[PDB]
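J.: Experimental structure below, sequence on top.
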Amino acid sequence: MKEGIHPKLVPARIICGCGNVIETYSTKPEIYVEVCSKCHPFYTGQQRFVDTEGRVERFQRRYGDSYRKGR
Amino acid sequence: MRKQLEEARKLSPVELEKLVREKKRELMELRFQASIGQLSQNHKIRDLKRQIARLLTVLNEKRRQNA
Amino acid sequence: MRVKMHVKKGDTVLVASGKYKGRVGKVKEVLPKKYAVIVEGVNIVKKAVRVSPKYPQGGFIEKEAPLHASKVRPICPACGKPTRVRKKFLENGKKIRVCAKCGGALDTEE
Amino acid sequence: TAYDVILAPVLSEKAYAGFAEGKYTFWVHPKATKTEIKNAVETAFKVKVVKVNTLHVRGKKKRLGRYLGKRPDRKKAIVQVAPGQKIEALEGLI
RNA sequence: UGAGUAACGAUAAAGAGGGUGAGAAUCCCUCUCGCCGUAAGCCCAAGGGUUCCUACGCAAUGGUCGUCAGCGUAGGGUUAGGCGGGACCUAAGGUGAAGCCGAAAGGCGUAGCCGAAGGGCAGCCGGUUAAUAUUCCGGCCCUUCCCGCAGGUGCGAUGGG
RNA sequence: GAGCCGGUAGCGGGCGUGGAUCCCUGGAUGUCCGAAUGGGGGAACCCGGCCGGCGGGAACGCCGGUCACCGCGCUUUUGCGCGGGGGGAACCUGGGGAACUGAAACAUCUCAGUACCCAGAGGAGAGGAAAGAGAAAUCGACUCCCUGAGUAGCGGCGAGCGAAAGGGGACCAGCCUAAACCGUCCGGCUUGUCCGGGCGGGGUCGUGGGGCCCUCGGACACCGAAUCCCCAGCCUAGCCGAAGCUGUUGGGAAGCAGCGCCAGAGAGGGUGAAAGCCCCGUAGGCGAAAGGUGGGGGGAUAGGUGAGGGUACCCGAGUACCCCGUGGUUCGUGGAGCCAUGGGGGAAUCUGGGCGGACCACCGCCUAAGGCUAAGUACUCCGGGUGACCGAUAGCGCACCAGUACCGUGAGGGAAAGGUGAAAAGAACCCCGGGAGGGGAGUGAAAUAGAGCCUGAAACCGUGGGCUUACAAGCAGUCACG
């Protein structure tokens, strides 16, 4: 799983119906899409007792290196 | 015959090999009378093949059941 | 019709035959039955080969296909095999016993 | 197992000239290897071999009323003797 | 059925005499004749793999015939320190520690390793078999390796040139 | 139980009741290829390092043993010790995921979370003790069968799609952890008293622990593999097994006839043609082993479990909850929940929080962000029994040296072809012929059952016989007649 995080684990699927709305004001929305789509995370990291990396993801990086600096 | 198994048990190692190696050379005999003696020899190739398998077997056993 | 049969080589009356007369079984066969029994010669007619004394037509080849040459001839004529026990210490001996009880043992006879 | 015995003699019209001057012709175990043909010969008979020659060969064509197969892979082996001495049984036999 | 019709795979053409055999325009000898001849000749490679060869055989297959055959049965047949190829090398490409990747399978890539009709490394002429050759045989001709013996050397990695 | 040296006979030799072959479990070697793994490679070949072993020493060659990579604790120094590695007819789960078609066109929709691709486990898989269900102060893990109901419902409200509780029904268990409290233990940082690692209790199964103080207490509940032990079932090797003979026609009977017998065994199959009593280790019934499998039984070990109050409080999961973006559920942005989440903000400790109510007040039901789990059900590669199932152009593509021949660069396609007779007794010997092949002679009850050999049909091809036909007309024919 190489675009997951590490403190947690993340890579989800999608469909993306566009099309109109105008529901609660008038008629009813248009819709017309069956297009599957990617929807995804990020990379970056730090240092051990000298020498590291990390990868990780965003919110669980504020959390992340919090943790691991906490050794 | 079970005789064969007697003395096959009785010897311990390399003795048993000088035995079996000889008896193989007796196979070289019988295979070189492929050309002629053939007759009573039939039993010779077959019996020799067999019982040499026997001595190898018991040798395999002693090799196992020793060390 | 497997390992299972009947006769040793034995003494044997026939039934389905056109001969019915009988005497001792000379050879049998397991998988095929056929067991020839010193009865019913035919020909083959041997060629003219030197393995033959040169003259042709052998007088004798034998296969009694039925497994219906009714078994065994004790003092009673035809009878089927039954079982045994042992009686004698350590035995087997699935002896002929129906009506008459001849052994089929290899003692004085077969 | 690891036995000295790996061979069986040839009867070519060729071979007999070799016997005329001591160039013998054994079939061998189709995975013998020059040097081992040497020692297999010295040991299984007692001579000083010089030169061993080897020679793969194989059957093909062979039919059985209806069906179709091949004679097994096979490995010929010339061998010689240096003095000119020894092995005589083979030339006396035929 | 069309039909015992079209066709017999180039317009380089054959003819005879003898033998073999039950039978031969067709096979084998003999003498004529003609075409190729820088090819329809002699080699090496790729390829096909057993014939090749010999003795047998002719039911079938050979677009006919066959006593023949590159067809059938059986038997025999290829020999290498130096010829080629691997125990030597590298090109393209491939594969691959490091590393980077990838919803998963996998994608990419250093060093390295594989990869050749390119590099390199030690034989040529003759004889003999029904059938193999520079291998078997004779002739000369050389190489790398191990051991001993000598004389001599600061020898020494495949790291820099 | 006494004949044997597989399919297969012949050349030939031999071995058996002083238990052969055959059969069953085990043991042994087990070439090379394959996940392949000492390194390479165009699978079945190559090239080796290392200790050892013979051969003429070494060289060179063998013979034996070791040498893959990854994660797992390890010895954080020694790769030592573990495990994975792959392969499966169908079934399952997850990660992905489609169009023809359906709507009489066509995108929303449907075909459809299908086919299929890939990862993964197994003899079953997932699921699984409630932050539920939903209306009863009721229910109580889950899966599976029925019904609910083709209803409630969702929809270019068009095609069509389509539940849940609820009731019967099968089988029927619940558990283990982070609660940081302490002990203590290390070990850290830094020193004292903050962190990292273990052990107990507590480490909650229904809503509760810890600390505190008083009464507890001094055993039946047995594994969720507990662990073992046998009846333990199968592997086959299992075993006995009851009872009739004569005549009779025919090549032959077991038909017909004369009698006569067994039946917890008249299922069936075989033997020249039609047997309950010949055979059929066949039914009836019974009977089986030293070894390889586990429920029912039984214990046991039994790991382990098990109060009453009071007291302020201390502590159960770090991301819930709101927002934009989607998926599931019957839901297609619909008033839209709920579970799951990709971003973005970011909480609290049971006087807490989620859910029915879009939302709010009330009333309840619950108690999340750790995890594990027998049985019920699904499928057949392998086995056994059953066919108002085929019975050879049917049945599987194959009833027999077929996924082969053969076609294809290749992934792939994919055939024909069964049956002489009771037994071969498959034809000696002569004649003609080059031999083929035939004619006799023969065996056979029959060879017009003779080797593509049962029966043998039509098209087709012929030979002989009967009527008819050369100045004629018309596919066919038909009626009248001579």
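T.: Received, thanks. Numbering: from 1, shown residues only, chains lettered A, B, ... in the order given.

J.: From here on, just use CA atoms for contacts and neighbour counts.
T.: Fine.

J.: From residue D:72, how far off is the residue lying farthest from the centre of chain D?
T.: Centroid-distance maximum for chain D: residue D:66 at 33.3 Å, with Cα atoms, centre = their mean. According to Cα to Cα, to the nearest Å, residue D:66 and residue D:72 sit 19 Å apart.

J.: And residue C:17, by the same measure?
T.: For residue C:17, the distance to residue D:72 - Cα to Cα - is 52 Å.

J.: Tell me who's in contact with residue C:86.
T.: Residues near residue C:86 by Cα atoms under 8 Å, 6 or more residues apart in numbering or on different chains: C:92-93.

J.: meant to ask about residue A:10
T.: Here residue A:10 is in contact with A:3-4, A:40-41 (Cα under 8 Å, 6+ apart).

J.: Let me know the closest of those residues to RNA strand E.
T.: Using Cα to the nearest atom of the strand, residue A:3 comes nearest to RNA strand E of the contacts of residue A:10, at 4.1 Å.

J.: out of everything not next to it in sequence, what's closest to the residue nearest the centre of chain C?
T.: Closest residue to the average C-alpha location of chain C: residue C:25 at 3.0 Å, with Cα atoms, centre = their mean. Distance criterion Cα to Cα, 6 or more residues apart in numbering or on different chains; nearest residue to residue C:25, sequence neighbours excluded, is residue C:37 at 4.1 Å.

J.: what's around residue 25, how many residues?
T.: Let's take chain A. Neighbour count for residue A:25, taken as other Cα atoms under 10 Å in any protein chain shown: 7.

J.: wrong one, chain D
T.: The number of residues packed near residue D:25 is 26, by other Cα under 10 Å.

J.: Okay, it and residue D:74: tell me how far apart.
T.: Going from residue D:25 to residue D:74 by Cα to Cα gives 13 Å.

J.: same deal with residue A:67?
T.: The gap separating residue A:67 from residue D:74 is 73 Å, by Cα to Cα.

J.: Next, count neighbours for whatever residue of chain A ends up closest to chain B.
T.: Going by Cα to the nearest Cα, chain B is nearest to residue A:1 of chain A, at 49.7 Å. Residue A:1 has 8 neighbours, counted by other Cα under 10 Å.

J.: before we move on, what about residue C:32?
T.: Using other Cα under 10 Å, residue C:32 has 12 neighbouring residues.

J.: That one: which element?
T.: Counting by DSSP states H and E, there is no helix or strand that carries residue C:32.

J.: Roughly how far does it sit from RNA strand F?
T.: Residue C:32 sits 8 Å away from RNA strand F, taking Cα to the nearest atom of the strand, to the nearest Å as the criterion.

J.: end-to-end on stretch C:102-110?
T.: Stretch C:102-110: ends 10 Å apart by Cα to Cα.

J.: again with stretch A:33-43
T.: End-to-end span of stretch A:33-43 (Cα to Cα): 31 Å.

J.: what about it, near RNA strand F?
T.: Yes - with Cα under 7 Å from any atom of the strand as the criterion, RNA strand F is reached by stretch A:33-43 at A:33-37, A:39-42.

J.: Over to stretch A:13-26?
T.: Yes - applying Cα under 7 Å from any atom of the strand, one finds stretch A:13-26 in contact with RNA strand F at A:13-24.

J.: Strands of chain A, start to end?
T.: All strands of chain A, identified by DSSP state E, fall at A:13-15, A:36-38.

J.: Need the ones you listed in TSV (columns: mean neighbour count and distance to residue C:79).
T.: Listed next are the strands of chain A as TSV, based on neighbours: other Cα atoms under 10 Å in any protein chain shown; distance: least, Cα to Cα, whole Å:
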stretch	mean neighbour count	distance to residue C:79
strand A:13-15	11	86
strand A:36-38	10	88
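
J.: Looking at those strands, which is nearest to residue C:11?
T.: Closest of the strands of chain A to residue C:11 is strand A:13-15, at 89.4 Å (criterion: Cα to Cα).

J.: Could you list every helix and strand in contact with the closest one?
T.: Helices and strands touching strand A:13-15, by 3 or more Cα pairs under 8 Å, 6 or more residues apart in numbering or on different chains; DSSP states H and E, are strand A:36-38.
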